[PDB]
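In: these chains are from a complex, not moved at all, and more is on the way:
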Amino acid sequence: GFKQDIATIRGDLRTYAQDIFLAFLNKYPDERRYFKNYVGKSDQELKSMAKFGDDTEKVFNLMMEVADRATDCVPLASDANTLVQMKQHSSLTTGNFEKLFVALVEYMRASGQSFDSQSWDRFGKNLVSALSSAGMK
């Protein structure tokens, strides 16, 4: 279930974080614009930038922390608040997050690893709702 998925992802965070982020960018190529440094680089090329592996892991580490602190896939208001107030997220809207979760769930469904994909869909939905409440456009 959801709890085990957090363990699965944490167990090999570098791989999962990189592969899910790439699935996001590949499904929604216009989102690459937010990451100027990743423009004009292939999937295999990106893994060689110290920043890429390190920065993607940091993103998915926090995602896992928000996921683990949730109750029944409902994130804490304080965690939603953190995500909105973050300076690196100043120009984002809830749609950016919606797209990430659509790509994340699609990745899980396509994988050979057994994920509670329905739960991640619901978590994504609840997070987006909590993000709007914390003032994200």
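Out: Looks like it came in fine. Numbering: from 1, shown residues only, chains lettered A, B, ... in the order given.

In: which helix is the longest one in chain A?
Out: Criterion DSSP state H: the longest helix present in chain A is helix A:50-69.

In: hmm, who's touching that one?
Out: With C-beta atoms under 8 Å, 6 or more residues apart in numbering as the contact definition, helix A:50-69 has outside contacts at A:2-3, A:6, A:9-10, A:13-14, A:16-18, A:20-21, A:37-38, A:46-47, A:75-76, A:79, A:83, A:123, A:127. In short, each C-beta sits where N, CA and C put it, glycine included.

In: what comes up buried for it?
Out: Neighbour-count burial for helix A:50-69, counted by 16 or more other C-beta atoms under 10 Å, picks out A:52-53, A:55-57, A:60, A:63-64, A:66-67.

In: Output it as CSV, nothing but the C-alphas.
Out: This file holds the C-alpha atoms of helix A:50-69, laid out as CSV (Å, rounded to 0.1, in the frame of the first residue of the first chain):
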residue,chain,number,x,y,z
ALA,A,50,26.0,16.7,-10.0
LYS,A,51,23.0,19.1,-9.7
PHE,A,52,20.6,16.8,-11.5
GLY,A,53,20.8,13.7,-9.3
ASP,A,54,21.3,15.7,-6.2
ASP,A,55,18.6,18.3,-6.8
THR,A,56,16.0,15.7,-8.0
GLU,A,57,16.7,13.5,-4.9
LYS,A,58,16.1,16.5,-2.6
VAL,A,59,12.7,17.1,-4.3
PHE,A,60,11.6,13.5,-3.9
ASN,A,61,13.1,13.3,-0.3
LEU,A,62,10.7,16.1,0.7
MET,A,63,7.9,14.5,-1.2
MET,A,64,8.5,11.3,0.7
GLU,A,65,8.5,13.3,4.0
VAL,A,66,5.2,15.0,3.1
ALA,A,67,3.8,11.5,2.1
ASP,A,68,4.9,9.9,5.3
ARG,A,69,3.5,12.7,7.5
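
In: next up, chain B:
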Amino acid sequence: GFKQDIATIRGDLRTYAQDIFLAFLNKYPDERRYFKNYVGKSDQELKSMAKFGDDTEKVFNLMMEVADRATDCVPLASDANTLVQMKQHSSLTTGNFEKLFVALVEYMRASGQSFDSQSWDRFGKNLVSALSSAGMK
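Out: Putting chain B together with the chains above:
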């Protein structure tokens, strides 16, 4: 995105090259008049024509290099000059290339693989513009 798509195509080039060129010929059957002995044949007949596979592979080998040498989907002027000055391209105009890229983009959108189709559309347009600049009518 675009740079990954190049790697994707290169990973199974002959298959992609034949399937995209076939999509082109089937969308624009009168375009066969630039080629020798393609008329009167089904897709499978063409894929068993030794020259068809060899030549179509060579077209896409070069197209991938032109894409790879590009910056932000803008090809090198010298790459465009080569395509204009090639003896095998003496009967061509920019509309021939426009048609090829319409078909390629349509193929990418229809495929189950995550191509950045909009970028290929831009690449096609920028290449046509560069062909024009290099003297193609």
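
In: and the longest helix of chain A with chain B, contact?
Out: No. Shown here: helix A:50-69 not in contact with chain B (C-beta under 8 Å from any C-beta of the partner chain), separated by at least 13.4 Å.

In: Run the chain-centre distance for that helix.
Out: 8 Å (C-alpha atoms, centre = their mean, to the nearest Å).

In: Toward the C-terminus, what is the element adjacent to it?
Out: helix A:77-85 (DSSP states H and E).

In: elements contacting that next one?
Out: Judged by 3 or more C-beta pairs under 8 Å, 6 or more residues apart in numbering or on different chains; DSSP states H and E, helix A:77-85 is in contact with helix A:50-69, helix A:117-133.

In: ok, 7 Å please
Out: Applying 3 or more C-beta pairs under 7 Å, 6 or more residues apart in numbering or on different chains; DSSP states H and E, one finds that helix A:77-85 makes contact with helix A:117-133.

In: Next, the buried residues of the helix it packs on.
Out: Judged by neighbour count using 16 or more other C-beta atoms under 10 Å in any protein chain shown, the buried positions of helix A:117-133 are A:117, A:119-124, A:126-128, A:130-131.

In: How many residues are close by residue A:106?
Out: 17 (other C-beta atoms under 10 Å in any protein chain shown).

In: List the residues that contact it.
Out: Residues near residue A:106 by C-beta atoms under 7 Å, 6 or more residues apart in numbering or on different chains: A:23, A:27.
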